[PDB]
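Structure, as structure tokens:
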Amino acid sequence: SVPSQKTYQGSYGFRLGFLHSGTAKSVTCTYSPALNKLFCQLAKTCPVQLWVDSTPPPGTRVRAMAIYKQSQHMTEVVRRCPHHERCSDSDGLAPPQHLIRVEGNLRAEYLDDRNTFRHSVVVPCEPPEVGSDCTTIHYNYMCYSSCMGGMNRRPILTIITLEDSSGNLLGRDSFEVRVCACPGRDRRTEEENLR
Ligand SMILES: [Zn+2]
């Protein structure tokens, strides 16, 4: 009833990486290592790096799923709010209910779990291009953390799983996400509160 969020590098040394985008008030996506938390604007590009120590087998995939961070909400499926699920901002592939989309990858698949009813988006695990040491997936988050009737100000985590071709676990990592109007200011504020 609750997906695991335990960090697990596995046999391939799987882990995420994030750019260093800063906290200017204009920034659209920014990652806080101190908070392990990504702050982003609605529907803007969120680059997430995938790092491995060795190449996983052909057919390996990478899945993203959101859960509520607070235990008392963790069994509730994270979905878009009653407004956003109806705003016809379809990209042609993502169901309108799904919070997390993958940008610019026609091989992305969206799953509505027949048992848990949770949403996820999965793509094939690509090898780095020549001259590159990692691969990057571009995610979009399609509701604000504040959306009423949806996340409703509750924080979420995104869980990224490296999977084999059967969907078995190879690796796992995660990060908190806040989708908000001013990620730079909010990151600064929360890092200050932590200090
Ligand atoms: Zn919304």
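The way I read the labels, and the way they are meant: chains A, B, ... in the order of the structure tokens, residue 1 as the first residue of every chain, and ligand 1 as the first ligand shown, with later ones counted on from there.
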Please return as a compact mmCIF listing (two decimals) with N, CA and C atoms, in the first residue's frame the residues found within 7 Å of ligand 1, counting only C-alpha atoms and all ligand atoms.
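And here is the file that came out, result_11.txt:
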# COMPACT_ATOMS: atom_id res chain seq x y z
N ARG A 80 -3.15 14.82 -10.15
CA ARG A 80 -3.48 16.21 -10.41
C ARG A 80 -4.83 16.58 -9.81
N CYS A 81 -4.98 17.87 -9.51
CA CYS A 81 -6.16 18.39 -8.84
C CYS A 81 -7.35 18.44 -9.79
N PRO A 82 -8.54 18.75 -9.25
CA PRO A 82 -9.75 18.73 -10.09
C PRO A 82 -9.72 19.77 -11.20
N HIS A 83 -8.96 20.85 -11.03
CA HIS A 83 -8.79 21.80 -12.09
C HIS A 83 -7.83 21.28 -13.15
N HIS A 84 -6.62 20.94 -12.73
CA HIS A 84 -5.60 20.62 -13.73
C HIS A 84 -5.87 19.34 -14.53
N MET A 142 2.99 18.75 -13.08
CA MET A 142 1.85 19.36 -13.75
C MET A 142 0.77 19.94 -12.84
N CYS A 143 1.09 20.06 -11.55
CA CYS A 143 0.23 20.71 -10.56
C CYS A 143 1.13 21.43 -9.57
N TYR A 144 0.63 22.50 -8.95
CA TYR A 144 1.36 23.14 -7.86
C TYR A 144 1.19 22.35 -6.57
N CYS A 147 -2.08 23.17 -4.96
CA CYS A 147 -3.39 22.98 -5.62
C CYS A 147 -4.47 22.38 -4.71
N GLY A 150 -6.01 18.64 -4.67
CA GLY A 150 -4.93 17.81 -5.16
C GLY A 150 -3.90 17.69 -4.06
Check which residues of range 6-61 of chain A sit at most 7 Å from range 124-137 of chain A using only C-alpha atoms, and return one row each with the closest pair of atoms and their distance in Å to one decimal, ordered by chain and rising number, as JSON lines.
{"residue": "A:47", "atom": "CA", "partner": "A:137", "partner_atom": "CA", "distance": 5.9}
{"residue": "A:48", "atom": "CA", "partner": "A:137", "partner_atom": "CA", "distance": 5.4}
{"residue": "A:49", "atom": "CA", "partner": "A:136", "partner_atom": "CA", "distance": 4.3}
{"residue": "A:50", "atom": "CA", "partner": "A:135", "partner_atom": "CA", "distance": 5.4}
{"residue": "A:51", "atom": "CA", "partner": "A:134", "partner_atom": "CA", "distance": 5.4}
{"residue": "A:59", "atom": "CA", "partner": "A:124", "partner_atom": "CA", "distance": 6.7}
{"residue": "A:60", "atom": "CA", "partner": "A:125", "partner_atom": "CA", "distance": 5.5}
{"residue": "A:61", "atom": "CA", "partner": "A:124", "partner_atom": "CA", "distance": 4.2}
Restricting it to C-alpha atoms, dump the selection as a PDB file, in the first residue's frame.
ATOM      1  CA  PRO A  47      16.623  17.880 -15.526  1.00  0.00           C
ATOM      2  CA  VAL A  48      17.445  14.821 -13.464  1.00  0.00           C
ATOM      3  CA  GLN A  49      20.743  13.041 -14.096  1.00  0.00           C
ATOM      4  CA  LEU A  50      21.132   9.283 -13.896  1.00  0.00           C
ATOM      5  CA  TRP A  51      24.570   8.040 -12.826  1.00  0.00           C
ATOM      6  CA  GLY A  59      15.999  -3.529 -21.559  1.00  0.00           C
ATOM      7  CA  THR A  60      16.650  -1.725 -18.271  1.00  0.00           C
ATOM      8  CA  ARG A  61      14.165   1.085 -17.597  1.00  0.00           C
TER       9      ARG A  61
END
- Message: For residue 159 in chain A, find every residue with an atom within 7 Å (counting only C-alpha atoms), except residues of its own chain fewer than 5 positions away, and show them as a PyMOL selection string.
- Response: chain A and resi 5+64-66+173-175
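Taking the backbone of this structure through DSSP, the residues of range 22-80 of chain A that come out as strand (DSSP E or B) are residues 29, 30, 31, 32, 37, 38, 39, 40, 46, 47, 48, 49, 50, 51, 61, 62, 63, 64, 65, 66, 67 and 68 of chain A.
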- Query: Near range 12-24 of chain A, within 9 Å and counting only C-alpha atoms, which residues show up once chain neighbours fewer than 6 positions away are dropped, as number ranges by chain?
  - Reply: A: 30-33, 38, 47-56, 134, 136, 160, 162, 170-174, 183-188
- Message: Please report the interatomic distance between CA of residue 2 in chain A and CA of residue 165 in chain A in Å with one decimal.
- Response: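 These atoms are spaced 22.2 Å apart.
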- Selected residue, from A:122, A:57, A:90, A:62, that lies nearest to residue 11 in chain A when counting only C-alpha atoms: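 Using only C-alpha atoms, residue 11 in chain A sits closest to A:57.
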- Message: As an exercise, work out the distance from CA of residue 119 in chain A to CA of residue 79 in chain A in Å and give it to one decimal place.
- Response: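 Atom-to-atom, CA of residue 119 in chain A to CA of residue 79 in chain A, that is 7.6 Å.
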Excluding same-chain residues fewer than 4 positions from residue 178 in chain A, what lies within 7 Å of it counting only C-alpha atoms, as an mmCIF file with C-alpha atoms, in the first residue's frame?
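The resulting file, result-v4.cif, is shown below:
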data_model
loop_
_atom_site.group_PDB
_atom_site.id
_atom_site.type_symbol
_atom_site.label_atom_id
_atom_site.label_comp_id
_atom_site.auth_asym_id
_atom_site.auth_seq_id
_atom_site.Cartn_x
_atom_site.Cartn_y
_atom_site.Cartn_z
ATOM 1 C CA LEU A 38 13.790 20.002 -5.915
ATOM 2 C CA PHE A 39 11.881 23.301 -6.291
ATOM 3 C CA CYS A 40 10.293 23.944 -9.687
ATOM 4 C CA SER A 145 2.049 21.790 -4.372
ATOM 5 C CA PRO A 155 4.809 17.772 0.364
#
- A:35, A:8, A:91, A:25 ranked by distance to residue 193 in chain A, top pick (using only C-alpha atoms): A:35
- Quick one: pull the distance between CA of residue 73 in chain A and CA of residue 154 in chain A, Å, one decimal.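 If I compute the distance from CA of residue 73 in chain A to CA of residue 154 in chain A, I get 8.5 Å.
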- Task: Please identify which residues in range 73-175 of chain A DSSP calls helix (DSSP H, G or I) from the backbone, and express them as a list in words.
- Result: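 Here are the helix (DSSP H, G or I) residues of range 73-175 of chain A: residues 73, 84, 85 and 86 of chain A.
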- Using only C-alpha atoms, which residues sit within 8 Å of range 42-46 of chain A once same-chain residues fewer than 5 positions away are excluded, as a ChimeraX atom specification? /A:28-29,103,138-144,179-181
Grab the residues selected above and save them as an mmCIF file, in the first residue's frame with C-alpha atoms.
data_model
loop_
_atom_site.group_PDB
_atom_site.id
_atom_site.type_symbol
_atom_site.label_atom_id
_atom_site.label_comp_id
_atom_site.auth_asym_id
_atom_site.auth_seq_id
_atom_site.Cartn_x
_atom_site.Cartn_y
_atom_site.Cartn_z
ATOM 1 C CA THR A 28 12.554 27.821 -12.928
ATOM 2 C CA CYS A 29 14.047 24.679 -11.381
ATOM 3 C CA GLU A 103 9.428 15.649 -21.750
ATOM 4 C CA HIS A 138 13.595 15.779 -18.309
ATOM 5 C CA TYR A 139 10.539 15.721 -16.052
ATOM 6 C CA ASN A 140 7.613 18.129 -15.775
ATOM 7 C CA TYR A 141 5.366 18.457 -12.726
ATOM 8 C CA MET A 142 1.846 19.357 -13.754
ATOM 9 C CA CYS A 143 0.226 20.715 -10.556
ATOM 10 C CA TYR A 144 1.362 23.140 -7.863
ATOM 11 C CA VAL A 179 6.090 22.865 -7.270
ATOM 12 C CA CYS A 180 5.722 26.590 -6.735
ATOM 13 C CA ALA A 181 5.732 30.009 -8.365
#
